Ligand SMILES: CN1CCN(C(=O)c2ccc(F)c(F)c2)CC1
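One chain comes next, on its own, written as structure tokens: the form solved without the named molecule.
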């Protein structure tokens, strides 16, 4: 199948027509997405198969063909871009200054951008084009607005 680096839509034919359930990143031969997009199922890429390699429900992340490769982190000061890939629509870059999720185990960057559930797994990048996390696991705040964590894995 297609192994070229880049952003990909994750599709299913199980429901009506062809439905986009999420998005992921191909980097260094490994496919990276959020756990809630695939639930750990195998994926097809053309005539090839991608098998899960690592995953964790609590982090809400999963990697295919190899270990998690993304290790860039938000610097805590600069604006970033969500490379949003919405269902049936072209990939588009959106610049924003992240907010913060403060937790008992430390602080996490967060992006206050509202896209359909099928955009889950879209990458958040720094000014060097490095993926600092994936968009799509977050919360609904007081005014009904959506805020996603910048979710990043660990490179072993």
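Numbering follows the first chain given and starts at 1.
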| item | value |
| --- | --- |
| Entry-level comparison of average CA B-factors, 95-103 and 63-71, reporting the higher stretch | 95-103 |
| Greater mean Cα temperature factor according to the PDB record, 131-139 or 13-21 | 13-21 |
| Out of 30, 41, 113, 124, highest CA B-factor residue | 113 |
| Third of the chain's Cα B-factor distribution that residue 118 belongs to, per the entry | middle |
| Third of chain Cα B-factors occupied by residue 48 | highest |
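Beyond what is shown, the protein has a form solved in complex with the named molecule; the following relates to that form.
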query: Open or blocked, once the named molecule is placed by superposing site C-alphas in the bound PDB entry (3+ ligand atoms within 2.4 Å of backbone or C-beta means blocked); finding: blocked
query: Contact of residue 63 with the named molecule in the bound PDB entry (heavy atom, 4.5 Å); finding: yes
query: Heavy atom of residue 99 within 4.5 Å of the named molecule in the bound PDB entry; finding: no
query: Contact test in the bound PDB entry: residue 59 vs the named molecule, heavy atoms, 4.5 Å; finding: yes
query: Sequence-ordered residues of 65-80 touching the named molecule in the bound PDB entry, heavy atom within 4.5 Å; finding: 67, 68
